[PDB]
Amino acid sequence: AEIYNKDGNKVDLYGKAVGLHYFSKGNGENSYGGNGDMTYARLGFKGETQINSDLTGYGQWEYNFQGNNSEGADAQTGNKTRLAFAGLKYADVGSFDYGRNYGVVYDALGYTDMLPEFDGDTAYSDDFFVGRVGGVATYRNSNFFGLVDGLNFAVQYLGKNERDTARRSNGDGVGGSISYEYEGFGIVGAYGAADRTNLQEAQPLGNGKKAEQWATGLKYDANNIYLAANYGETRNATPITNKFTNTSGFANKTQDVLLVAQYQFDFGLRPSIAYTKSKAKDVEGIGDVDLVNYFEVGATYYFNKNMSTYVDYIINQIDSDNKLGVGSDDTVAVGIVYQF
């Protein structure tokens, strides 16, 4: 909601309280989503100031406050800043921003990140260019310097992030994406490669000194319809754990498919049908193994722009004999959302 707006600056303080619960049999250990209360809230801000007619400066911070922790020792578990960046946009020259933001490959994955509850599977955090990452300088151009309506690109420079953890770490890399959108249609291609840190390499699984990820996407967005599909691959980027050996590393290779079909009725009900499969190749020891494999059926009802509720159902296709220990059980998410 725009709480402020005077002297060319407008602030939008936003957020949401989400009452959420996951239903999966057992202790949700062998299920897709786990089981139980998963309530949380979000608070963030989106500022934007008009330095003059062509120039705009802006910033954005979004945080994630878990709502399923005690007020005890575990009170902080799960909390975190998701985004944090400032930037500038100049006339038709493009925009530039730096901070914790979305990797460029997500310019593609974003297409199928539309399930009611469950977040796009391959769009992981602090995992190179696919999801939110720290210290990324990102340039974006729209309409090819205003010469070509609908043609946009982006390039992105990722700073090395040497964390205490091989999974949350990354070396320096570059990434770019080109997309084109003409009347309800959209096509995209994204790609980025990056150095792997000593620790990432000291890991038992995955072998390389460079990590890559690219995805392409196609979408039809219009007439209350939303059909979207993505296909991409990766090398030594995808984080995987062998639950048996308690071994971890990155998938040498993966092939990721995502499809999403949705319809927005005029009365508020938005049904969703999706399919996601990601399979690792050449995992050291196991060979080929599926990481994510399921169908999804669900529906969201929008009371209005501030209230909605939804049920998301995961028909997990993974099988009980999955070598990595990847869970085979179903998960049903029911949630109620208020937001501003």
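When you see a residue number, it is the position in the sequence shown, counting from 1.
> Comparing 12-20 with 324-332, which has the greater mean CA B-factor as deposited?
The deposited B-factors put 324-332 ahead on the C-alpha mean.
> When the Cα temperature factors in the entry are averaged, is it 295-303 or 279-287 that ends up higher?
Mean C-alpha B-factor is greater for 279-287.
> Kindly indicate the residue among 140, 243, 132, 219 with the greatest C-alpha B-factor in the PDB record.
Going by the entry's C-alpha B-factors, 243 comes out highest.
> Using the temperature factors in the entry, find which of 36, 57, 33, 44 has the highest value at its Cα atom.
That would be 33.
> Based on the entry's values, in what third of the chain does the Cα temperature factor of residue 75 lie: lowest, middle or highest?
Within its chain, residue 75 is a middle-third residue by C-alpha B-factor, going by the deposited values.
> Please place residue 154 in the lowest, middle or highest third of its chain according to the CA B-factor in the PDB entry.
Residue 154: CA B-factor falls in the lowest third of its chain.
> Ranking every modelled residue in this chain by its Cα temperature factor as given in the entry, which third contains residue 182?
According to the entry, residue 182 has a C-alpha B-factor in the chain's highest third.
> Taking the C-alpha B-factors as the PDB entry records them, is residue 164 in the lowest, middle or highest third of its chain?
Highest third, going by the recorded CA B-factors of the chain.
> Relative to the other modelled residues of the same chain, rank the CA B-factor of residue 268 and answer lowest, middle or highest third.
Answer is middle: the recorded C-alpha B-factor places it there.
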